[PDB]
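Residue-level listing of the chains:
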Amino acid sequence: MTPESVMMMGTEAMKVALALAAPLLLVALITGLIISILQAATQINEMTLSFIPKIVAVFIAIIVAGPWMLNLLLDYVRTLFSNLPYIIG
Amino acid sequence: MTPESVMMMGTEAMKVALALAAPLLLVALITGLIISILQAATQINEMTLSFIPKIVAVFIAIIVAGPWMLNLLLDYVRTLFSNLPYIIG
Amino acid sequence: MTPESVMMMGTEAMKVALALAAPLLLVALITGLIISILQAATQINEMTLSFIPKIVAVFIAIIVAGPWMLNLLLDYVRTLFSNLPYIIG
Amino acid sequence: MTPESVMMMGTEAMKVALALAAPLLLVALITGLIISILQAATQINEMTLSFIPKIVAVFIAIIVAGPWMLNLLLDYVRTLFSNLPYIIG
Amino acid sequence: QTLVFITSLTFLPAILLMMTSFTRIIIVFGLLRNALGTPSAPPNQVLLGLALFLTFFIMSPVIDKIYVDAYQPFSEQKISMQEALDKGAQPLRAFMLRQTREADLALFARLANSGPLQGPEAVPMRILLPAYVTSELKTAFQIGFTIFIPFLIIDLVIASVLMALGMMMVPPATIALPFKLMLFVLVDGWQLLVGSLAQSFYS
Amino acid sequence: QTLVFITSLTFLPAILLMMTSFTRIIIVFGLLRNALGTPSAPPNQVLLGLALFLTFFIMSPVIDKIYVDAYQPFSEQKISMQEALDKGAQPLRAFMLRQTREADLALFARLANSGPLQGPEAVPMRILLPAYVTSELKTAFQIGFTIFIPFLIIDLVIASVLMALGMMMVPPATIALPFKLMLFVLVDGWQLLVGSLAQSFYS
Amino acid sequence: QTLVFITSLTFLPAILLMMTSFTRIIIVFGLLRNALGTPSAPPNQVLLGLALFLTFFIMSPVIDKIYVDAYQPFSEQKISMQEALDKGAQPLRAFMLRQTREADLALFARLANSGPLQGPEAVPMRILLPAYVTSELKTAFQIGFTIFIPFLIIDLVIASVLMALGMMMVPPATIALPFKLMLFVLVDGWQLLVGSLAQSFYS
Amino acid sequence: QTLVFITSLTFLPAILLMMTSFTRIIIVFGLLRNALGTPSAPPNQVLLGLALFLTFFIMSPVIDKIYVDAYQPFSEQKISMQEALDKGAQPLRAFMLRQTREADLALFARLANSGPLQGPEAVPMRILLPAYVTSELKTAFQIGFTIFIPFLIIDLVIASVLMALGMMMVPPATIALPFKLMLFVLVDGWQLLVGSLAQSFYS
Amino acid sequence: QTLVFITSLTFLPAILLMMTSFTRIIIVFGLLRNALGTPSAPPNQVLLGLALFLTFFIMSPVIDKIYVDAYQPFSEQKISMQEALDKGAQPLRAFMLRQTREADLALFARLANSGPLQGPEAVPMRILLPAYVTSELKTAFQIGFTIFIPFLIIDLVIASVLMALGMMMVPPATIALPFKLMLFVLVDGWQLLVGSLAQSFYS
Amino acid sequence: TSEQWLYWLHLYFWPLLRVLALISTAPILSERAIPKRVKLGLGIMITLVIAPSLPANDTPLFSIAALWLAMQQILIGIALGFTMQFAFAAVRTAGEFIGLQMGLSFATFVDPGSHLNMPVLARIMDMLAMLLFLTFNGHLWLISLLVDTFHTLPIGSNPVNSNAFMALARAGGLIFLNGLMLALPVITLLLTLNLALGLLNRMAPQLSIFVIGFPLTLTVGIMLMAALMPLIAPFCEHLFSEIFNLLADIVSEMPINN
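Chain by chain, residues are numbered from 1 following the written sequence, and this numbering need not agree with the entry; no residue without coordinates is displayed. Chain letters and ligand numbers both follow the written order, the letters beginning at A and the numbers at 1. Values reported for side chains reflect all heavy atoms of the structure, with hydrogen atoms and water molecules removed beforehand.

Structure determination for this PDB entry is given in the record as cryo-EM, at a resolution of 3.65 Å.

Structure, rendered in structure tokens:
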């Protein structure tokens, strides 16, 4: 319970959150840019034309990533629940 | 409750959702693209001009799809609720 | 209770909705299209130039149509809420 | 509560709202056309070139019209809130 | 008999505030703040306080009548719920029959398969309360619908003006809060409301 | 017996309130105010009171039977054990059987693994209640589903119109509430609802 | 008392709060936080603590007069709950009457139909409160509209400078969010608000 | 003595209901109401009653055994609960042991460091109750997670259809409350739930 | 005497449950329920029963020592509780003194202006209790806040993913709840939780 | 058990009310996660330590005049509670305005249902900054401060003053100041991204911030929020010291002006 431990808690939390969320968001941005380039250059653009592929991409990437995105949480929540009696002491 | 069984339930639900959602947004994207390609070559391009066809298309597609899109849910929810007493142990 | 009667309900409601909202967006689309054609051949176009007639058109069409649109709903909601005590059985 | 009185109320409110918003969007459209036409005859256009005049024109027209645009609302709102105890009975 | 006694207490104020008034007032206030964007008023304190003061004043004549009829001989506590029900109800009954649509009672007498219906007491207590509340709700929703119109006017004006300039992405629902506020304080729009809910009430 | 008295004051009201009616009604109002956007009624005060009154009118024959056949003879205080509970349940049995789906009693006779059950009075208490409740909740969800449809029509219509002009910015749930009140006071939508919940109930 | 006592005690804290102030303050704080996007303050704690501290400061002289003229003399001699209540009502009355609009008194004297009144303090206690609350609501919405103005100007200039260059799609709701805070603290805004709500109260 | 008496009066009505059932059922229903949008069915009234009735139906055999083995000798009052609680504990002991996980017994024995366990009644009660409740919670959350999936399918397919054609602003929690009532009376899901919770319970 | 008697109905049992345990376990479970979305577990029965069962487990050796040392001669009722208290307070005290942090003891010994103590047993009970309870609060929060973080991370990830697609108007709290159930039952999360809370307690 | 002693038990009720006031108004330190009979248990325990050694001998006369005295205590308790919570409101406000700049802020429109933006970030920064109190002392400093107010501002005729309530009411004030001071680097970095996405629109208007913007800025707003965690550790030390100085100063100022 030293203010180094309390800040290490947060520094681990945000790193796990980034590791989880960054693949999905990066696929979303990649699909967005790939279609937005095709959006111009043959100028045609209504408004979206791209939210549908931005759903296809996430729906694919979640199944492809799958297991280890689970394993991260499984490991870290377990270590948390195991170290709880030593955080106090 | 291994993360393999939960992965099986997940892959089943995602296939059901794909089956439910494919025709609606597929037709949406198709008609949107077909109109947008007309926005050039006769450059006329107001803002959308195509939110209405995307409405009539879904209006047609839900009528045509109709019974089996509901039968999918009716069957899968039935098997789910019948297998519930066998997921506990 | 069978998926057949619920499909009858759907065929009724969607047709009421179409009849209710047809003229509004029809005249909207028509004025918008005829203007956006004029925005070519004398290409002049800043961005919109056309939202104003889309307001005037719907403004006229609501006033013209008016009572019969309301009578539709007053009739069909009446039939619904009057058949209500028999949908039970 | 006849569907006729609830058409009279709408027919009054629509015309009051039109009376309010008339000069604003009228001068908006006027200035828009006037500028966009001069996007020929030394045609060169960057993107818009026409937002600022649309702002100064509305800024002029608001203070020009002003008090009577306020008076319309101030009168008919008083009328509505004074006639409330009669629409009930 | 301790069972029924305390069971009656947890509801009795709530039902008492149903028998008389304060229903349509609170419903109008609730539908008021639904316009003007956010709540913007702390219902815990202001709206309930106003609704209590207004109903107190509106009921003051019939409340003082009930006082004279019951509470003055109740100095002795004459009879436990025999004529305090009658000399409490006849005022209540006239108060609601002045306010109740004659057709609502027709419906609630049809379903009850009624026979002789001549006096207010020939319309039993169990028949009035639901019909009374149904009528009150209809009146309150009438008032509430009439309220919304100028705010719709303002919102549509602002939205159309923004979309006219080429302001495609500004949230006009957030610009139009001070304008509603000013155009509602200018017209002295809070005197009119608590005056209409007091005039249209008794009639 | 001091224990069972407070446990009774805790549970027994909720039991008697589920045992007769007032379960099908409240779910309907609760699903109703889920439409119309905001609460639009203070459930702590209005909807609960109204739903209690409707039931106090609907169960008039059952409550009259109970009174005349239990408590008028209970002035004698003959027996508070056998005919206080047994005789009092005879009207409730019929009132619950008349509104109980047939498939439900089959299921809860099957699970309990009973032998020959012919008499509905030979149907013990414990098989009756949960089947009755499941049936009631089914029918209440049916009515609640049938309710929502015109409101959905209005909201989809307004949203489509708004998107047609390009008004992405506007939160269409704010324009569609006054129309949701107009279409609800215009067809007298409030009389029909209580009429339906009163007619279809007993049957 | 058994029943009325506890209910009256529960109602009391709303009565004392509404009677005096704190119904004009919280509305201004709410409107402030409604400017600058989301709440940006935990209502149930902070914007109640601050809004109670200001009110007690503003009302300290009233309580000082009440103390000096009622408690100290009612102590040990010379007053028995009759002159104390009077000489304590008169300062609070003079406090309210200074704030009520002139019309609201006339309105609530007309609808309540009070006879010939001669003294301002002679206006009964019941007639004072609701007119006071309505007047303060008007003044509070006025202050809130005066507050909203510079933030509107900021948003308008930023949106314009965006569209002056060609930023049609970019939702200026984000860019203009830090500038509000920067220019609300860079000019030490909060002190100006307590200053205004302290000066413009009695004037 | 009377002190611990009212002490137990405050707790025991919860201790008993925890001991048998009513801890998986309520939690499953509560995880249900969180699906289907808004808390439609009111927890203060309906779910408590439904869950208590269903638990009475399931516990009827255990209650019969407890009756014939305790109350019938409690008619005589053979001994002061010395075996009425004792013999009454046997059916509850075996009942819990049937559904009690075997790993939870192991863990909670390890935390207490108990030696060889051979017989069922070699399991001390203070090892059962916590392990029992944690097992019931595991089961309840398993059932609750399994219930959700179709509602998630509906919500996400609706939300992904809306944003497919503009309409980014319609709050899909309004279009998806009906569908969750078509799907839920169309498949008769109110019979499948109670059937499964009654069946899987005994095992 | 309705006041003085009835306040001690909850006072004394709550104080008796403040002495030893049941003060931190409630808080851990309540923080869990503050996470994990809505209540989803009714406090009125479930959490109270669970947190009382775990305390009857953890304090089993303590109650055993009391039962042998003081309860058993109290069957004789040899002395009014003087050593019954003492020889029962010493197991309670020794259990308490093991968990009271150091700072709290020194602080509350200062605030009482006490004299220098030679033995820990010399620490009076009126000094121990508040220090113990404060220490227990500040460790219960240290566990609870360390439990949240994964749940809040799931919330943040879900919200970011939803907003990445364009689904502004969805309440991501409704899509979170199932994932926060699978990641609770999937890591056996309840057994870890209770084993921790039962180990870290005594150690 | 007769009413003989209950009136002697009536001696502790005033400090009891003060301490219950200080407890009830500082929830994030002692909040609704606690059962109201434990949150009230602390009171009667603590006063038993404090009640003796106080020369407090007062009387609730007929139609009690000391009801007016009940006005005094609730103020001082509130004066401590509703003051101490500015150390949390500052970090909550620093957290909110960050998330509102990436994706959370589309509750800008008319009032939606629940907030749904608070639970993202401002519920974590309030949690960390709630653990940092418990490492130094949560209520210990506060309970000592209130023990001191039991000596300075005891009980009685001259209840309170003014011009100090105005002091701590003009005080925050510093809520928004500290709110900036924390998040200034994150906000400055994110403004540059928000304007950088802009200069793409002038190159191609199809980049539609819903297509590019949020998937880009969300990852960066998580990155920077990870990289700026340690800076929260020495900063919170100020937010505690400044406000404790505030409290001590005003609590010492009030009585000498009586």
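Here we look at empty space enclosed by the protein
In this approach the atoms are scanned with a rolling probe the size of a water molecule, which exposes any empty space left behind. Of the voids in this model, the largest cavity is the one considered here, and its volume is about 1400 Å³. Cavities and pockets were defined on a 1 Å grid built over protein atoms only: a cavity is a set of grid points that admits a 1.4 Å probe from which the probe cannot escape, a pocket is an open set flanked by protein on both sides within 12 Å along at least five of seven lines, and lining residues are those with an atom within 4 Å of any such point. Together, 41 residues line the largest cavity, and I62(C), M14(D), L156(E), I175(F) and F179(F) are the ones closest to its centre. Counting from the N terminus, the helices are DSSP H or I runs at least four residues long and the strands are E runs at least two residues long. Those elements that provide at least two residues to the lining of the largest cavity are α1 (3-38), α2 (51-65) and α3 (67-87) of chain C, α1 (5-37) of chain D, α6 (125-165) of chain E together with α8 (149-165) and α9 (176-185) of chain F. No other element matches α1(D), which puts eleven residues into the lining of the largest cavity. Residues are grouped as follows: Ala, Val, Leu, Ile, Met, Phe, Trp, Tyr, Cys and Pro are nonpolar; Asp, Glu, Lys and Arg are charged; every other residue, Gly included, is polar. Residues belonging to the lining of the largest cavity are distributed by class as follows: 37 nonpolar, four polar and no charged. Grid points are joined across faces, edges and corners, and a volume is the space filled by probe spheres set on the points. Reported here for the second largest cavity is a volume of approximately 250 Å³.

Description of the relation of the copies chain G and chain E
To go from the first copy of the chain to the second, apply a rotation about an axis and then a shift along the same axis. The operation relating chain G to chain E is a screw motion whose rotation component is 60°, with 1.9 Å of axial translation and a residual RMSD of 1.9 Å. When the rotation and shift are considered jointly, the pair of chain copies conforms to a six-fold rotation axis. Looking at the rotation axis and the C-alpha trace of chain G, the residue lying nearest is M169(G), at 6.6 Å. Little of the interface of chain G is mirrored in chain E: 8% of its interface residues are interface residues there too. All copies sit on top of one another after a least-squares fit of their C-alpha atoms. Here a residue-residue contact requires only that any non-hydrogen atoms of the pair lie within 4.5 Å.

Details of the interface of chain J and chain G
On the chain G side, the residues contacting the 46 residues of chain J number 37 residues. Two parts placed together each lose some accessible area under a 1.4 Å probe, and the buried area is that loss summed for both. Approximately 4200 Å² of surface area, both sides summed, lies buried where chain J meets chain G, with 78% of it carried by carbon and sulfur atoms. Looking only at chain J, the three residues that lose the most surface to chain G are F97(J), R170(J) and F176(J), adding up to 14% of its buried area. By definition, a salt bridge exists where a carboxyl oxygen of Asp or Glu is found within 4 Å of a side-chain nitrogen of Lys or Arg. Scanning the region where chain J abuts chain G turns up zero salt bridges. We define a polar contact as two N or O atoms separated by no more than 3.5 Å, with the added condition that, inside protein, one atom must be a possible hydrogen donor and the other a possible acceptor, whereas residues neighbouring each other in sequence contribute only through side-chain atom pairs. On inspection of chain J and its partner chain G, the count reaches four residue pairs in polar contact. Looking at the side of chain J that touches chain G, the elements that each hand over two or more residues are α4 (67-84), α5 (86-99), α8 (165-171) and α9 (174-201) of chain J. For the side of chain J that touches chain G, the element with the most residues is α9(J), which contributes nine residues. Here the side of chain J that touches chain G is composed, by residue class, of 25 nonpolar, 17 polar and four charged.

A word on unusual backbone geometry
Cis geometry marks the peptide bond from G172(J) to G173(J), where omega comes out at -10°. Of note, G173(J) is situated in the loop between α8 and α9. A positive phi angle, near 65°, is found at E76(G), a position not held by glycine. You can see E76(G) is positioned in the loop between α3 (46-74) and α4 (83-97). According to the relative accessible area criterion, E76(G) is exposed, its value standing at 68%. One non-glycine residue, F22(I), lies in the positive phi region at around 70°. Among the secondary structure elements, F22(I) is positioned in the loop between α1 (2-18) and α2 (25-34). For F22(I), a relative accessible area of 10% translates into the label buried. Each residue gets one of three labels from its accessible area relative to the maximum for its type: buried under 20%, exposed over 50%, partly exposed in between, using a 1.4 Å probe on protein chains only.

Observations concerning the side chain of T134(E)
Mapped onto the fold, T134(E) is located in helix α6. Under the relative-accessibility criterion, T134(E) is labelled buried at 5%. Contacts of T134(E), omitting those with residues within four sequence positions, involve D104(E), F108(E), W190(F) and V194(F).

Points about the UniProt feature "transmembrane region" (unreviewed entry) in chain E
All names here are of chain E. UniProt positions are given in the numbering used here, feature names are shortened, and annotations may be inferred rather than shown by experiment. According to UniProt, the positions carrying the feature "transmembrane region" (unreviewed entry) are residues 2-32, 44-63, 143-169 and 181-202. Between the C-alpha atoms that bound residues 2-32 the distance is 43 Å, and the span itself is 87% helix and 0% strand. A distance of 34 Å separates the end C-alpha atoms of residues 143-169, which is 85% helix and 0% strand.

Here we look at the arrangement of the chains
No other pair of the 28 pairs of chains in contact has as many contacts as chains G and J. A minimum C-alpha distance of 24 Å separates chain C and chain I, which share no contact.

Thoughts on the environment of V170(E)
Here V170(E) is to be found in the loop between α6 and α7 (172-185). Overall, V170(E) belongs to the buried group, its relative accessible area being 4%. It is 37 Å that separates the C-alpha atoms of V170(E) and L197(E), two residues lying 27 residues apart in sequence. Filtering out sequence-adjacent residues up to four positions away, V170(E) remains in contact with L162(E), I175(E), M169(F), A159(G), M163(G) and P172(G).

Digging into the packing of aromatic side chains
Within 6.5 Å between ring centres, the rings of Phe, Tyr and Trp (the latter by its six-membered ring) count as paired, and their orientation is classed by plane angle as stacked under 30 degrees, edge-to-face over 60, tilted in between. As enumerated under the stated definition, the model contains 47 aromatic pairs over all chains in all. Ring geometry for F29(G) versus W190(G): centroids 5.1 Å apart, planes at 15°, classification stacked. Linking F29(G) in helix α2 (residues 25-34) with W190(G) in helix α8 (residues 189-202), this pair joins segments that are 161 residues apart in sequence. Looking at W190(G), the relative accessible area reads 3%, which means it is buried. One aromatic cluster in this structure is built from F141(F), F29(H), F151(H), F184(H) and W190(H). Distance and angle both matter: a charge sits over a ring if NZ of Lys or CZ of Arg is within 6 Å of the ring centre and within 35 degrees of the ring normal. Directly above the ring of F201(F) sits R24(F), whose terminal nitrogen or CZ lies 4.0 Å from the centroid. Seen from the ring of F150(J), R18(J) lies directly overhead, with NZ or CZ sitting 4.8 Å from the centre.

Some points on the interface of chain G and chain E
Taken residue by residue, the interface counts 37 residues in chain G and 30 residues in chain E. A buried area of about 3400 Å², summed over both sides, lies between chain G and chain E, and 82% of it is on carbon and sulfur atoms. Among the residues of chain G in contact with chain E, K138(G), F141(G) and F145(G) are the three that bury the most area, contributing 18% of the side total. Counting across the interface, chain G meets chain E through one salt bridge. At the boundary of chain G and chain E, one finds two residue pairs in polar contact. Of all the secondary-structure elements, those providing two or more residues to the side of chain G that touches chain E are α1 (3-20), α2, α5 (102-112) and α6 (125-165) of chain G. Class assignment for the residues of the side of chain G that touches chain E results in 29 nonpolar, four polar and four charged.

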